Trainee: 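For reference, the structure I am asking about is given below.
Values reported hereafter were calculated over all heavy atoms of this structure, with side chains retained and with hydrogens, waters and symmetry mates removed. Numbering of ligands and ligand atoms starts at 1, following listing order. Residue numbers count from 1 along this sequence.
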Amino acid sequence: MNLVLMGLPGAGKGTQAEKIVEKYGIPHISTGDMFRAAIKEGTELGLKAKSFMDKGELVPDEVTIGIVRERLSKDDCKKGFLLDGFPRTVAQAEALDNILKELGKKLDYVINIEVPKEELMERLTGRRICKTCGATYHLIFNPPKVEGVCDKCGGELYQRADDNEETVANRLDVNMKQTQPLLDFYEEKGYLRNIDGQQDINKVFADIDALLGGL
Ligand SMILES: Nc1ncnc2c1ncn2[C@@H]1O[C@H](COP(=O)(O)OP(=O)(O)OP(=O)(O)OP(=O)(O)OP(=O)(O)OC[C@H]2O[C@@H](n3cnc4c(N)ncnc43)[C@H](O)[C@@H]2O)[C@@H](O)[C@H]1O
Ligand SMILES: [Mg+2]
Ligand SMILES: [Zn+2]
């Protein structure tokens, strides 16, 4: 099961990834998580990635493609993987097509979670994230059981630094620009599937899981 999740910032990629992982346990490969970890530990690639992230810009394609190519070469990706947030440019999609050729592999689906851009700033500025397990919640749209507390592991919820209004405006503009050409690229391959991201979280997943049924 070789999958890509795509979607504009705040459409609900991470939320659906956790469900897909919870049910199928395929590795979750998130370029955002990889960069964020690189930052936590002060590698030079991490420190250079931070300046783009802080501004809501994309990290350059060469860097991103390099780390994905190395990550997909591991034994845990031999039977399946869930790419989350990569590709997000056509150039990344071309790279991925060729990385996969090198490995003797092919994508099964690119799952695009669609939500109108005009709803998305609200989704990110109100997001709260578990410090321990990374599960996400939203103060209005999807709150936790107890204010301040993750329902999964009990950890404390924080605001991600790039979920600032100004950074969010730039992330939506940057990703909007990249999205239509990427959609066209995969629509031509035949394995792009669009999911209505406006529905409730379980129903979105239901729609995704209809596709994943043939493992
Ligand atoms: N490939 C690449 N190339 C170059 N640079 C790269 C890169 N990948 C990453 N980067 C760099 O790293 C940065 C961060 O990238 P990354 O971490 O990938 O962020 P992103 O793509 O902006 O996605 P987000 O995590 O913001 O949103 P999400 O859709 O996953 O939302 P969630 O499920 O939490 O949901 C959002 C909110 O909505 C809520 N919610 C979700 N679903 C629903 C629903 N159905 N109903 C109600 N509320 C919902 C949630 O509770 C939550 O509060 C980039 O800006 C860039 O700088
Ligand atoms: Mg995410
Ligand atoms: Zn948690």
Trainee: Distance alone, cut at 3.5 Å: any donor-acceptor contact between the side chains of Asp209 and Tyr24?
Mentor: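 Short answer, yes.
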Trainee: Between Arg36 and ligand 1, is there a nitrogen or oxygen pair with a distance under 3.5 Å?
Mentor: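 It does: an N or O of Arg36 is found under 3.5 Å from an N or O of ligand 1.
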Trainee: Does the protein place any heavy atom closer than 4.0 Å to atom 44 (C) of ligand 1?
Mentor: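 There is a protein heavy atom less than 4.0 Å from atom 44 (C) of ligand 1.
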Trainee: Salt bridge (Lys or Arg N to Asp or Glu O under 4.0 Å), that's the test. Do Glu18 and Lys152 meet it? Break it down for me.
Mentor: CA-CA 12 Å; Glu18 310 322 291; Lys152 297 197 132 199; over 6 Å; no
Trainee: Please check whether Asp162 reaches ligand 1 - meaning an N/O of the residue sits under 3.5 Å from an N/O of the ligand, judged on distance alone.
Mentor: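 So ligand 1 has no N or O lying under 3.5 Å from an N or O of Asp162.
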Trainee: Of all the atoms in ligand 1, which lie at a distance below 4.0 Å from a heavy atom belonging to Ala11?
Mentor: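 Once the distances to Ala11 are compared, the set is 29 (O).
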Trainee: Atom CD of residue position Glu44 - does it have more than 12 heavy atoms of other residues, nucleotides or ligands inside 6.0 Å?
Mentor: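 Check fails, neighbour count at 12 or below.
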Trainee: Strictly under 2.8 Å of the Zn ion (ligand 3): which protein N/O/S atoms qualify?
Mentor: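 N, O, S partners closer than 2.8 Å: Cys130 SG, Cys133 SG, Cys150 SG, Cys153 SG.
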Trainee: Give the residue, atom name and distance (to 0.1 Å) of the protein heavy atom nearest atom 26 (O) of ligand 1.
Mentor: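 Nearest protein contact, heavy atoms only, for atom 26 (O) of ligand 1 is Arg171 NH2, 2.6 Å.
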Trainee: Considering non-hydrogen atoms of the protein only, which is the closest contact for atom 8 (N) of ligand 1, and what is the distance?
Mentor: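 Ranking protein heavy atoms by distance from atom 8 (N) of ligand 1, first comes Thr31 OG1, 2.8 Å.
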Trainee: Keeping the roles fixed (side chain from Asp207, backbone from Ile195), state whether a donor-acceptor pair exists under 3.5 Å.
Mentor: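 Side chain of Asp207 to backbone of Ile195: no pair is present.
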Trainee: Short N/O distance, under 3.5 Å, between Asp33 and ligand 1?
Mentor: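 No - when backbone and side-chain N and O of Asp33 are compared with those of ligand 1, no distance drops under 3.5 Å.
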Trainee: For the side chain of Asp108 and the backbone of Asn2, is there at least one donor-acceptor N/O pair under 3.5 Å apart?
Mentor: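 Between the backbone of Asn2 and the side chain of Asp108 there is a qualifying donor-acceptor contact (under 3.5 Å).
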Trainee: Does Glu119, at its CD atom, have more than 12 non-hydrogen atoms belonging to other residues, nucleotides or ligands within less than 6.0 Å?
Mentor: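 Yes - once you tally the heavy atoms of other residues, nucleotides and ligands closer than 6.0 Å, there are more than 12.
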Trainee: If you count every heavy atom of other residues, nucleotides or ligands that lies below 6.0 Å from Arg36 atom CZ, does the total exceed 12?
Mentor: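 It does: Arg36 CZ has more than 12 such atoms within range.
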Trainee: Which atoms of ligand 1 have any heavy atom of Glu57 under 4.0 Å away?
Mentor: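 So the answer, numbered in order with elements, is 56 (C), 57 (O).
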Trainee: I'd like to check which ligand 1 atoms, numbered from 1 as shown, lie under 4.0 Å from a non-hydrogen atom of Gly197.
Mentor: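 Those qualifying, in numeric order: 45 (N).
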Trainee: Consider every N or O of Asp163 and every N or O of ligand 1, then say whether any pair is closer than 3.5 Å.
Mentor: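 In fact, backbone or side chain, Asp163 has no N or O that close.
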Trainee: Could you tell me the residue and atom name of the protein heavy atom closest to atom 32 (P) of ligand 1, and the distance to it rounded to 0.1 Å?
Mentor: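 Residue, atom and distance for the closest contact: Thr15 OG1, 3.6 Å.
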Trainee: Using a 4.0 Å heavy-atom cut-off, which part of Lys13 comes near ligand 1: side chain, backbone, both, or neither?
Mentor: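 Both backbone and side chain.
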Trainee: Is it true that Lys55 lies under 4.0 Å from ligand 1, counting heavy atoms only?
Mentor: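 It does not; every heavy atom stays at 4.0 Å or beyond.
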Trainee: Give a yes or no on whether the backbone of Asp162 and the side-chain of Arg171 come within a donor-acceptor separation of less than 3.5 Å.
Mentor: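 Yes; judged by distance alone, with no hydrogens or angles, the pair exists.
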Trainee: Which heavy-atom pair separates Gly155 from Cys130 by the least distance, and what is that distance?
Mentor: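 Scanning both residues completely, I find the closest heavy atoms to be CA-SG, 3.9 Å.
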Trainee: State which residue, out of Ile65, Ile67, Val4, fulfils the side chain to side chain contact (heavy atoms under 4.5 Å, CB included) condition with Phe86.
Mentor: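 Looking at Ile65, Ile67, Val4, the match for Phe86 under the side chain to side chain contact (heavy atoms under 4.5 Å, CB included) is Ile65.
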Trainee: Below 3.5 angstrom, do we get any N/O pair linking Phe86 and ligand 1?
Mentor: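 N/O-N/O distance under 3.5 Å: no.
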Trainee: Would you find a donor on one side and an acceptor on the other, under 3.5 Å apart, between the side chain of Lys105 and the backbone of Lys78?
Mentor: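 Checked: pair present.
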Trainee: Any sub-3.5 Å donor-acceptor pair from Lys13's side-chain atoms to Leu5's backbone N or O?
Mentor: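 Not a single qualifying donor-acceptor pair exists.
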Trainee: Find all atoms of ligand 1 within a distance of less than 4.0 Å from any non-hydrogen atom belonging to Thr136, and give their numbers and elements.
Mentor: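 Under 4.0 Å from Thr136, ligand 1 has these atoms: 32 (P), 34 (O), 50 (C), 51 (O), 52 (C).
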Trainee: Number the atoms of ligand 1 from 1 as they appear, then name those within less than 4.0 Å of a heavy atom of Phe141, with their elements.
Mentor: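 Under 4.0 Å from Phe141, ligand 1 has these atoms: 47 (C), 48 (N).
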Trainee: In Å and rounded to the nearest 0.5 Å, what is the CD to CG distance from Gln178 to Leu8?
Mentor: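 One gets 11.0 Å once the value is rounded to the nearest 0.5 Å.
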Trainee: Using a 4.0 Å heavy-atom threshold (strictly under), name the region of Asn142 that reaches ligand 1: side chain, backbone, both or neither.
Mentor: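 Under 4.0 Å from ligand 1, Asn142 contributes side-chain atoms alone.
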Trainee: When you compare ligand 1 with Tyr137, is there at least one nitrogen or oxygen pair between them that comes in under 3.5 angstrom?
Mentor: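 Between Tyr137 and ligand 1, an N or O pair is found under 3.5 Å apart.
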Trainee: Considering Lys203, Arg88, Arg160, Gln178 one by one, which has a heavy atom nearer to atom 14 (C) of ligand 1 than any of the others?
Mentor: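 Among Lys203, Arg88, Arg160, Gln178, the closest heavy atom to atom 14 (C) of ligand 1 belongs to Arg160.
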Trainee: Using distance alone, decide if ligand 1 has a nitrogen or oxygen within less than 3.5 Å of any nitrogen or oxygen in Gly14.
Mentor: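 By distance alone, the answer is yes.
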Trainee: Please state which option from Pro143, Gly85, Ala135 has its nearest heavy atom closest to atom 1 (N) of ligand 1.
Mentor: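 The residue whose heavy atom sits nearest atom 1 (N) of ligand 1 is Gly85.
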Trainee: Please report whether ligand 1 has a polar contact with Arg127, defined as an N or O pair separated by less than 3.5 Å (distance criterion only).
Mentor: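 Yes, since at least one N or O of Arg127 sits under 3.5 Å from an N or O of ligand 1.
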Trainee: Under 6.0 Å from the NZ atom of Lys117, do we count more than 12 heavy atoms belonging to anything else shown?
Mentor: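 Open.
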Trainee: What part of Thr64, side chain from CB on, backbone N/CA/C/O, both or neither, has a heavy atom under 4.0 Å from ligand 1?
Mentor: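 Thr64 to ligand 1: side-chain contact only, backbone stays beyond 4.0 Å.
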Trainee: Check whether any side-chain N or O of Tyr137 sits under 3.5 Å from a backbone N or O of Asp151 as a donor-acceptor pair, and report yes or no.
Mentor: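 Such a contact is found between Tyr137 side chain and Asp151 backbone.
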Trainee: Quick check against the 3.5 Å criterion: does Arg123 have a side-chain atom that pairs as donor or acceptor with the backbone of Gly10?
Mentor: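 Yes, the answer is positive, given that a donor and an acceptor are paired below the 3.5 Å cut-off.
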Trainee: For atom 39 (C) of ligand 1, grab the closest protein heavy atom and report residue, atom and distance to one decimal in Å.
Mentor: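 In this structure, atom 39 (C) of ligand 1 has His138 CB, 4.3 Å as its nearest protein heavy atom.
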Trainee: Of the protein's non-hydrogen atoms, which lies at the shortest distance from atom 6 (C) of ligand 1, and what is that distance?
Mentor: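 For atom 6 (C) of ligand 1, the nearest protein heavy atom is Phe35 CE1, 3.8 Å.
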Trainee: Heavy-atom contacts under 4.0 Å between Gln199 and ligand 1: side chain, backbone, both, or neither?
Mentor: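 Contact part for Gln199 vs ligand 1: backbone (N, CA, C, O).
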Trainee: Any carboxylate oxygen within less than 4.0 angstrom of a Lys/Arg side-chain nitrogen, looking at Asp76 and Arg71?
Mentor: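 Yes, charged N to carboxylate O under 4.0 Å.
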Trainee: Report the C-alpha distance between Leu58 and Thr64 in whole Å, list the side-chain angles of each, state the deciding distance to 0.1 Å, and finish with yes or no for side chain to side chain contact (heavy atoms under 4.5 Å, CB included).
Mentor: CA-CA 9 Å; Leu58 303 174; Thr64 308; over 6 Å; no
Trainee: Nearest heavy atom to atom 36 (C) of ligand 1: which of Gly10, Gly7, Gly12 does it belong to?
Mentor: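 Heavy atom nearest to atom 36 (C) of ligand 1 belongs to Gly10.
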Trainee: Near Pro9, which atoms of ligand 1 are under 4.0 Å from a heavy atom of that residue?
Mentor: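 Contacts of ligand 1 toward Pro9, numbered from 1: 22 (O).
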Trainee: Going by atom types only, do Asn98 and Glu94 share a side-chain donor-acceptor pair under 3.5 Å?
Mentor: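 No pair is found: no donor N or O on one side chain lies under 3.5 Å from an acceptor on the other.
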Trainee: Show the atoms of ligand 1 that are less than 4.0 angstrom away from any heavy atom in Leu124.
Mentor: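 Reading through ligand 1 atom by atom, the close ones are 26 (O).
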Trainee: If I apply the N/O under 3.5 Å rule, does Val59 come out as touching ligand 1?
Mentor: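 Looking only at distances, the answer is yes, because the N/O contact criterion of under 3.5 Å is met.
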Trainee: Just to confirm my output: which protein heavy-atom neighbour is closest to atom 46 (N) of ligand 1, and how far is it?
Mentor: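 Its nearest protein heavy-atom neighbour is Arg123 NH2, 3.8 Å.
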Trainee: Heavy-atom contacts with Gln92 under 4.0 Å: which atoms of ligand 1 show up? List them by number with element.
Mentor: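 Taking each heavy atom of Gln92 in turn, ligand 1 has 1 (N), 2 (C), 3 (N), 4 (C) under 4.0 Å.
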Trainee: Which option out of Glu18, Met53, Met34 puts a heavy atom nearest to atom 11 (C) of ligand 1?
Mentor: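 Considering heavy atoms of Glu18, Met53, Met34, the nearest to atom 11 (C) of ligand 1 sits in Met53.
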Trainee: With sequence neighbours left out, what residues match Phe141 under ring-ring contact (aromatic ring centres under 6.0 Å, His included)?
Mentor: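 Partners of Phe141 by the ring-ring contact (aromatic ring centres under 6.0 Å, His included) criterion, ordered by chain and then number, come out as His138.
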Trainee: Give me the atom names and distance for the closest heavy-atom approach of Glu57 to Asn170.
Mentor: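 The answer is OE2-ND2, 2.8 Å.
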Trainee: To the nearest 0.5 Å, tell me how far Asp200 CG sits from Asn142 CG.
Mentor: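 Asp200 CG to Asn142 CG: 10.0 Å, rounded to 0.5 Å.
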